[PDB]
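Results of the structural survey
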Amino acid sequence: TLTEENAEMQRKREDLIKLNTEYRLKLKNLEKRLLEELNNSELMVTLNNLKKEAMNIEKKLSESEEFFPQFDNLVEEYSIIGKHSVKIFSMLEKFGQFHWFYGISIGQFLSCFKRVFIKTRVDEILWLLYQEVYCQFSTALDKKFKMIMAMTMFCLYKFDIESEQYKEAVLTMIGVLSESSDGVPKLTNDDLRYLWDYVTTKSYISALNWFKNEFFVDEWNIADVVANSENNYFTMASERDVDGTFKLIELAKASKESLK
Amino acid sequence: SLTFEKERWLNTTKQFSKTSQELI
């Protein structure tokens, strides 16, 4: 992200590659020129000009050393995104344990983290990361697991961005929805009052999908996944009492491809 | 024209101490 989003260590990487190459090549060239000087103890003017270029470049690169604290500051500025990604990868790896068919590989996460920007800067890139990982991983989870993952992404965002009272409100609303904690939630807009009225009126899925649509605003069906895809291999799964061939028939009819 | 070479040799003999310290 520091070589691609801000290009920070992009130009710092080309600069440090040039600096290390300068170190090695100029040490070798200084050894060769000192050997020539020992052999010599037109040519004099060239040697003096090369020496002057060498000391000017070395002086400039030594004065460039003071930018390294700025580089380290800019590197450690983007670390909250790292902790968030560690949380996201841990949640991917642990949803590989509730079921035997929801595994995760590191390469897929690397691919999606490149594709988030292949196509409040920290807040914007964090929002992009959450949105893209949800978009790319909603298609491998069924309705229950997809809804759970969406709720976890929304709660993680609203707890690592917003304050503590909203966090406590979300926790107690979840606890009331789980029929575990018998405590009236504290509201901070009309949406929370509407949710309280709905759970008073024994309506759940309406307000749950209301919160889900409040978090994410873009949907991704199987056609969208197969359209914006890189690999040529796709695996489809379902449950036994549900077929899925007719959807592929409709997709092939729409996309004008010979399905066999 | 030898002043630059003399200064380079002097600088090498100067930072020899830091070379020893950041060698050990």
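As recorded in the PDB header, cryo-EM is the method behind this entry, and the stated resolution is 4 Å.

In this section: the overall build of chain A. Scanning chain A for helices and strands turns up twelve helices and zero strands. Going from N to C terminus, chain A has its helices and strands arranged as α-α-α-α-α-α-α-α-α-α-α-α. Counting only C-alpha atoms and orienting by the principal axes, one finds that chain A spans roughly 100 × 55 × 30 Å.

This brings us to the packing of helix α7 (residues 143-160) of chain A against helix α10 (residues 205-215) of chain A. Residues and elements named next belong to chain A. For the pair α7 and α10, the least separation of the axes is 10 Å and the interaxial angle reads 60 degrees. Considered as vectors, α7 and α10 are oriented oblique to each other. In the crossing of α7 with α10, the sense of the turn from one axis to the other is left-handed. Residues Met-147, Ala-150, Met-151, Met-153, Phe-154 and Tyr-157 of α7 pack against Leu-208, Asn-209, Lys-212 and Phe-215 of α10. Taken together, the residues that form the contact of α7 with α10 break down as eight nonpolar, one polar and one charged.

The next thing to look at is unusual backbone geometry. The bulk of non-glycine residues show a negative phi, and the bulk of peptide bonds are trans. Residues and elements named next belong to chain A. Even without being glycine, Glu-179 reaches a positive phi, approximately 55 degrees. Among the secondary structure elements, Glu-179 is positioned in the loop between α8 (164-177) and α9 (190-200). Despite not being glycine, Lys-202 has its phi angle at roughly 60 degrees, a positive value. Here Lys-202 lies in the loop between α9 and α10.

So, about the packing of α9(A) against α10(A). Residue and element names in this part refer to chain A. Packing of α9 against α10 brings their axes to within 9 Å, and their N-to-C directions diverge by 155 degrees. With respect to their mutual orientation, α9 and α10 come out roughly antiparallel. At the point where α9 passes α10, the crossing takes the left-handed sense. Residues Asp-191, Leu-192, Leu-195 and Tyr-198 of α9 pack against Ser-206, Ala-207, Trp-210 and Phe-211 of α10. Looking at the contact of α9 with α10 residue by residue, the classes come out as six nonpolar, one polar and one charged.

This next bit is on the packing of aromatic side chains. Residue and element names in this part refer to chain A. Considering the side-chain rings of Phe-89 and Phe-109, the 5.5 Å spacing of their centres and the 85 degrees angle between planes classify their relative orientation as edge-to-face. With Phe-89 in helix α4 (residues 80-94) and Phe-109 in helix α5 (residues 106-118), the pair connects residues that are 20 residues apart, well separated along the chain. Seen in terms of ring centroids, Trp-100 and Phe-101 are 6.3 Å apart; in terms of plane orientation they differ by 80 degrees. Their pairing is edge-to-face. Taken together through their ring pairs, the aromatic side chains of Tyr-134, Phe-154, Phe-211, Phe-215 and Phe-216 make up a single cluster. Against the face of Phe-95 rests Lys-94, its NZ or CZ located 4.8 Å from the ring centre.

What counts and what doesn't
Residues numbered from 1 in each chain as written, not as in the entry; some residues may be left out. Chains lettered and ligands numbered in written order. Part of a larger assembly, values for the part shown. Heavy atoms only, no water. Residues with missing side-chain atoms left out of burial classes, pairs and counts. Helix = DSSP H or I, 4+ residues; strand = E, 2+ residues; numbered from the N terminus. Axes fitted to C-alpha atoms, helices over the stretch in contact; angles between N-to-C directions. Parallel < 35°, antiparallel > 145°, perpendicular 65-115°, else oblique. Left-handed = near helix turned anticlockwise from the far one by under 90°. Contact = heavy atoms within 4.5 Å. Nonpolar A, V, L, I, M, F, W, Y, C, P; charged D, E, K, R; others polar. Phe/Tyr/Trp six-rings, centres within 6.5 Å; stacked < 30°, edge-to-face > 60°. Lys NZ or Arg CZ within 6 Å of the ring centre and 35° of its normal.

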